[PDB]
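> Before we start, here is the structure in question, set down as structure tokens.
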Amino acid sequence: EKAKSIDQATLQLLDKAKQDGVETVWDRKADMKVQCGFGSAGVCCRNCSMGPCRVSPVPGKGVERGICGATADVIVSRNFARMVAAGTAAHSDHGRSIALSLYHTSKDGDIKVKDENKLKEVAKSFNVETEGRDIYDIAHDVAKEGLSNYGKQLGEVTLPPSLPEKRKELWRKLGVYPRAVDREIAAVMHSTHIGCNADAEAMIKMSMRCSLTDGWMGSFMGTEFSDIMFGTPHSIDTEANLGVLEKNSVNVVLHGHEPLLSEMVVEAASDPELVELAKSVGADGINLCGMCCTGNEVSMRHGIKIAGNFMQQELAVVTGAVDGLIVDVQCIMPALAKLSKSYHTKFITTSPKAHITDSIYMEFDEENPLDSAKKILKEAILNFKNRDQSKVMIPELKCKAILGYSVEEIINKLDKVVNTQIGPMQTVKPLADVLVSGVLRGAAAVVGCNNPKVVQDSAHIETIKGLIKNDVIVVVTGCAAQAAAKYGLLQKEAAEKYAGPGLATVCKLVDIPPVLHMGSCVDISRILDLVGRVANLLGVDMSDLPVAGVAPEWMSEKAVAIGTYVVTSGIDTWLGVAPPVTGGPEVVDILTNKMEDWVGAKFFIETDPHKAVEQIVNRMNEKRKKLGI
Amino acid sequence: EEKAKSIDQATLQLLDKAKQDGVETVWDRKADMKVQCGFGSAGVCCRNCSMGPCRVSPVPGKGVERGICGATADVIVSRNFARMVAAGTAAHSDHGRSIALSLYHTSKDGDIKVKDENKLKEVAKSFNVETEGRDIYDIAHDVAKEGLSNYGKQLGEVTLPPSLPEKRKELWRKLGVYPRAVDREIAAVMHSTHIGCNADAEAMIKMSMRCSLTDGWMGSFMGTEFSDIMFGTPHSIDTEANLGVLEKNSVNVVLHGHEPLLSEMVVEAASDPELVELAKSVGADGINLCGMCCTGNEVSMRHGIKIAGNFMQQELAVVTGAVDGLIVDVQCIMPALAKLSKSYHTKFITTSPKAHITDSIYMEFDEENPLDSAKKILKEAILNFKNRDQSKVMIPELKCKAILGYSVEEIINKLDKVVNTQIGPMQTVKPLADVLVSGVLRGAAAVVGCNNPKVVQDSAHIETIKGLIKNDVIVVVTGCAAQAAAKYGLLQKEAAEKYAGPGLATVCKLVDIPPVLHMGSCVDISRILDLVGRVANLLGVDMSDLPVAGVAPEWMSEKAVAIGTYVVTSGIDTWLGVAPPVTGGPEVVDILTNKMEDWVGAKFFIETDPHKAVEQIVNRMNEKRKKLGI
Ligand code: SF4
Ligand code: SF4
Ligand code: SF4
Ligand SMILES: [F-]
Ligand SMILES: [F-]
Ligand SMILES: [F-]
Ligand SMILES: [F-]
Ligand SMILES: [F-]
Ligand SMILES: [F-]
Ligand SMILES: [F-]
Ligand code: NA
Ligand code: NA
Ligand code: NA
Ligand code: NA
Ligand code: NA
Ligand code: NA
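Put into structure tokens, the structure is as follows:
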């Protein structure tokens, strides 16, 4: 009865999937039928073998406490904590690999330093000397100091400069100032053990402390170091959606997250031997396509075409045109191994962090990265000989998209509206001014996943379209950004098409689209860098600005960690999918009310995007009045 | 027409008082839960993202076979198993992390001092720390820093104990499970269990084994060694156990939890003259300290403090109406205590910011002024004796004598009695190695683990231990299992004639030891590894070659899972008396109970009948003896 998507190409292939007789993520959601209301409310605990225990989400009725004595609030808050601990760890290991790659950069090696100016500037944040030193001794000293942020047991951690000092001392008084990344993950996992913490407030506060090691450390260093090694993103053109697949080219799709592999596949797709090889098997060339975050990472830096977002990964295989599906870690549906048994596609896993049964394991040798990517790519190009062009169905649907909007590039773009003799250059002042003046009502980040509980991409598009109509500039990352890209919002033409008067004027003056694709989900750290720069420039804290974050169709534990650190940093967050918290009323009051008194923001749970847009606008105008703007 | 709740007499008496007083127990809450969910009982339910919750069929080929993301039953089972190990590892991790921090803050005239210099000097040589002619506290700080790097170093290798055989290290390396930093492996396991990551049962379990190794050989190990350095290495010491140790006319302060620093500082505060006179002024005879669970073991091994009871007895202690102060830190403090303590004059005090409990009294243990903080907290217990009502008090006159303190150094010390002055070398484990190879001792078995309402409490412990020592298998015990043995009376030299077999009784008479050796808390299980490795190293073999076994007859916590996983990966067959949630994943069962043997030389055994378990252990040991030629 309900529509499965709002994207036509997504729907066309869904029909082919039914004809071919293959399962999709929608079909498995249906097979699940009415999902257990206990786990949907968070009032089930399995933290020890006395259980499984389930208490009633309706207070006063049914079973009240678990066998150990845990209340509903205790069970909910611990389950919520372990979600943050998981998402934190996901981004943690991500940035740890990126820092390790930076430690192994050499002058003549496969991994180099590409943005010397950024490294010199990042080195100043770690108190690493740069005057007259070799650029790789600097990079190694930066990597070492960044790695210390993951497991140091003595001393304090290094935090970015755009984090307002008001917020640091706020965290200190609240007792949520971050420690080492792995050290907090262990701390949350410790207190959630049976017979440890049994207080909702203290439990949530540990979760907020954990999430800070993600946004301002794990994800932040991951992004900063990814820019140093691969290049800081700048505005770039690309095409999005499943129509980027070419029938007469070798289609290699990069799925996953960790960017070192996809960065090396891009460089491997230009080796004359591998270029000549694709021609020898009968194709026109090598057509690199990205999906999800590793697709975002290479599109921001190299404009590689974005094949699609989370709930489309199954449908790319259904086209019958994917010769290689090269995946690393995070958000690779294990169903792909069974699905690709019905097609010539070679589904190749590469990271020992994410083995998948019945896939083809080709370990990405991080000690010979380029040679290793070539070996994996050659296997994909050879697989082109096994394509059956009669069963191929590539929908004729693709949209142009502009992305590459890093903080540096937004600042660079804003310099255009600065009078040579008046203001300062290379600052975020132009954006602060249009916010203070009121031409822009606010700025909203729209991030998040896809989720079968929501018509895929429908909540993203309605939220984004509604915010830009009310003169709220919108920045996007991850699968939401790729949902904007497919729809056609990442175009300068989208301003007069969909934006209100103020946003349309700023868009024309700055020469930008109304929706800024700021990269992958570790790249959300760019959003914090941006908002923090505006707060510092206006002498205020981040809870005082008219900013907001939205997760219209989230799913991953990464999103819970992301949403939790966005709030603790001081930014109101709207969720479009109810988290499993309804069972514990104290947990609800903490996340949706008391949070305000702690950090200056709170969570909002709204499944109607049009309602959420109202709330965001009203909350912004409320905060605007408090600030006098 | 129901099963008994316990085999302990004092436990049954107070349970009748709890019913009479109108309060609820952990047994009562178990009955309220009724039929627990078969899905979560089989481990075929996932909640690792909001696409779910999903539940797949535990019977393969029937029902819903895959979750929304495509995860099979084996994937879901294997990931849920991994997160148990990660949590159990994290608990012992932070336990030893905090202890190492105390070692870093030791000082000449401070509250925390170095007490076993000879242990500290020997540990420093294990961490490549110079000791010749250096101040003793410069050494302690260097050793602490080296131990803290084991938790979060990102480059280089980790420091491991010398009693770990190189054959086992080389085995782990080829298998791909050589441990990294403690907090790092915890994060790595949490990463791969995220949605859309690892989806292969073998790779997932192998990640669990690599993670658990950072507990037994690092987390728990460093915690135990550093606890001995600061508080003293345990030696043969007498004590009394069970709930009767409470004195009606004295101040009863009960220490519950795991972290030893608070319990240690309260012991030293219980001898402050100002507080003793206050105890007499409020109308009491003296300060009666009683411990529970690990923190009760930690102070009983070192100071002979009386042991109040094990895990499922903690509620019944408050039911006696004689607990004036209940001081708890972290790990295994049932949140029901906060509600139970409201029906009695007991003040339920939480002390650690790691484990706040609602509607309790929070007195944050100041580690910068430890003794003054312990003094301050103890005074609140003494003053609460004025609210005692002696008409309701019912302390069952039941308690048994017990011997403990059997650290590795003390066991080696006791083995010297049977060494000839001219023949063999002193201060080695050779006497224990010789009786095993000869066959006088058929094997060595470690009985550890929790309590669990699914088993008649302490019955699986006592039946397991009694059957083993009857079959000439010496039994070492830690944690609540040890306290089960202390309550029943197995921690006595008189227990040899009563229950031991011929060979074991002969070894007990010669060495002058009980047939059951209490080796401390559950981080003190590292002492058991340290012992077995010395025997493995002295016989030129690996640990999977020795006739050794581990048993957790009534386990419950995720700490036990991580414990049982590192015991197996170390090369010691482990029997489990409570079935873990793995029955829904047939590949996971094959990995844990068969394939594991071909990886690390040991495997899990799931058996709820302790008599059948003893049969399996004895037959298994004989196979490894015949394989080894002994
Ligand atoms: S922590 Fe408590 S409520 Fe949760 S499963 Fe364990 S015994 Fe039950
Ligand atoms: S969430 Fe709990 S009650 Fe629901 S199916 Fe899973 S184990 Fe059962
Ligand atoms: S990870 Fe898979 S099995 Fe688990 S809740 Fe998500 S879709 Fe379901
Ligand atoms: F095909
Ligand atoms: F790893
Ligand atoms: F159910
Ligand atoms: F493996
Ligand atoms: F009382
Ligand atoms: F000693
Ligand atoms: F074997
Ligand atoms: Na920066
Ligand atoms: Na195939
Ligand atoms: Na309020
Ligand atoms: Na030692
Ligand atoms: Na076999
Ligand atoms: Na059975």
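Line by line, the protein sequences are chains B and C.
Numbers 3 to 631, taken from the authors' numbering, label the letters of the first sequence in order.
Numbers 2 to 631, taken from the authors' numbering, label the letters of the second sequence in order.
We treat Cβ as the ideally placed atom computed from N, Cα and C, and that holds for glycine.
Please return the same chain residues whose Cβ sits closer than 6 Å to the Cβ of C/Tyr489, not counting the five positions on each side in sequence.
Correct list, in chain order: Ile463.
> Assign C/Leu165 to one of three DSSP states: helix, strand, or coil.
If DSSP states are grouped into helix, strand and coil, C/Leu165 belongs with coil.
> Does the beta-carbon of C/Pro581, which I'm using as the reference point, lie nearer than 8 Å to any heavy atom of ligand 3?
Incorrect: C/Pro581 has no Cβ contact closer than 8 Å to ligand 3.
> Could you give the distance in angstroms between the alpha-carbon of residue 648 of chain C and the alpha-carbon of C/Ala483?
Because residue 648 of chain C is not part of the residues shown, which for chain C are 2 to 631, the question remains open.
> Within the segment 575–617 of chain B, note down every full alpha helix (DSSP H) run reaching 4 residues or more, in order along the chain.
Complete alpha helix (DSSP H) runs here, min 4: 587–591 and 597–601.
> Starting from C/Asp435 and walking both ways along the alpha helix (DSSP H), at which residues does that stretch end?
First-last of the alpha helix (DSSP H) with C/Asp435: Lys431 to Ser439.
> Look up C/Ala318 in the DSSP assignment and say whether it is helix, strand or coil.
Looking at C/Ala318 - three-state DSSP - the assignment turns out to be helix.
> In chain B, which residues lie less than 7 Å from C/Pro54 when you measure between Cβ atoms?
The answer, in chain order, is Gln37, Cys38, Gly41 and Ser42.
> Shortest alpha-carbon distance to B/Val115 belongs to which of B/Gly444, B/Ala145 and B/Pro432?
Looking at the Cα atoms, B/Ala145 is the closest of the given residues.
> Tell me, please, which residues DSSP counts as bridged to B/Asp239.
B/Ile404.
> Could you compute how far the alpha carbon of C/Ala91 sits from the alpha carbon of B/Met191?
Looking at the two C-alpha atoms, the distance is approximately 6 Å.
> So which of C/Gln493, C/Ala125 and C/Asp325 has the shortest CA-CA distance to C/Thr240?
Residue C/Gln493 is the option with its Cα nearest to C/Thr240.
> What residue range does the beta strand (DSSP E) around residue 653 of chain B cover?
This structure does not reach residue 653 of chain B, given that chain B is present from 3 up to 631, and the question cannot be answered.
> Any heavy atom of ligand 3 closer than 8 Å to the beta-carbon of C/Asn49?
Yes, Cβ of C/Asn49 sits closer than 8 Å to a heavy atom of ligand 3.
> Can a CB atom of chain B be found closer than 9 Å to the CB of C/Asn311?
Judged by the 9 Å Cβ criterion, C/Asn311 is not in contact with chain B.
> Should B/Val86 and B/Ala563 be called a contact, given that it needs their Cβ atoms to be closer than 9 Å?
Yes, these two residues count as a Cβ contact at 9 Å.
> Measuring CB to CB, does B/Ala11 end up less than 9 Å from B/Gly233?
The answer is no: Cβ separation not under 9 Å.
> Across the segment 394–404 of chain C and the segment 274–293 of chain C, are there enough close Cβ pairs to call them in contact, namely three or more that are closer than 8 Å?
Output reads no: the segment 274–293 of chain C does not touch the segment 394–404 of chain C.
> For B/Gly521, which of helix, strand or coil comes out of DSSP?
Three-state DSSP puts B/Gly521 in coil, outside helix and strand.
> Secondary structure at C/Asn250, three-state DSSP: helix, strand or coil?
The answer is coil: DSSP assigns C/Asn250 none of H, G, I, E or B.
> Counting only runs that start and end within the segment 25–59 of chain C, where is the alpha helix (DSSP H) found for 4 or more residues in a row?
Counting whole runs of 4 or more residues, the segment 25–59 of chain C contains the alpha helix (DSSP H) stretches 27–34 and 39–43.
> CB of C/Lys393 to nearest heavy atom of ligand 8: below 8 Å?
At least one heavy atom of ligand 8 is nearer than 8 Å to the Cβ of C/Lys393, so yes.
> How about B/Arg211 and B/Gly177: do their beta carbons lie closer than 9 Å?
For B/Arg211 and B/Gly177, yes; Cβs fall inside 9 Å.
> Got a sec: which bits of the segment 179–192 of chain C sit with their beta carbon under 7 Å from any beta carbon on chain B, in order along the chain?
Listed in sequence order: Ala182, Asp184, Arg185, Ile187, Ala188, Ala189, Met191 and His192.
> Alpha carbon to alpha carbon, how far is C/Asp33 from C/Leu121? Give it in angstroms, no decimals.
Between C/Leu121 and C/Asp33, the C-alpha separation is close to 50 Å.
> Check for me: the beta strand (DSSP E) holding C/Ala445 runs from which residue to which?
Looking at the DSSP string, the run of the beta strand (DSSP E) that includes C/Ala445 is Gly444 to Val448.
> How should B/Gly258 be labelled, buried or exposed, when 16 other C-beta atoms within 10 angstroms of its C-beta is the threshold for buried?
It is buried - the Cβ of B/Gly258 has at least 16 other Cβ atoms within 10 Å.
> Hey, B/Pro582 and B/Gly44 are a contact pair by Cβ (cut 8 Å); roughly how many whole angstroms apart?
The Cβ separation is near 4 Å, so the contact holds.
> What residues from chain B crowd round C/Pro454, counting only those whose CB sits closer than 7 Å?
Chain B residues near C/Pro454: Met52 and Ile69.
> Is it buried or exposed for C/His195, if we count other Cβ within 10 angstroms and need 16 for buried?
Classification of C/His195: buried, given that the 10 Å Cβ count is 16 or more.
> Can you check whether the C-beta of C/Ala285 is within less than 9 Å of a C-beta belonging to chain B?
It does not; no Cβ of chain B falls within 9 Å.
> Is there at least one non-hydrogen atom of ligand 9 closer than 8 Å to the beta-carbon of C/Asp525?
Checking the Cβ of C/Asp525 against ligand 9 gives no.
> Check distances from the C-beta atoms of the segment 528–550 of chain B to those of chain C and list, in chain order, the residues that come in under 7 Å.
From the segment 528–550 of chain B, no residue has a Cβ closer than 7 Å to chain C.
> Buried or exposed for residue 1 of chain B, going by 16 or more other Cβ atoms inside 10 Å?
No answer is possible for residue 1 of chain B: the residues shown for chain B start at 3 and end at 631.
> Are B/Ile358 and B/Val324 closer than 9 Å when you measure CB to CB?
Against a cut-off of 9 Å, the Cβ pair of B/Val324 and B/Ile358 comes out as no contact.
> Let me check understanding here. Comparing Cα to Cα, which of C/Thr321, C/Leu256, C/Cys451 and C/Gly224 lies closest to C/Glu559?
Of the candidates C/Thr321, C/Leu256, C/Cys451 and C/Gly224, the one whose C-alpha sits nearest the C-alpha of C/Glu559 is C/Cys451.
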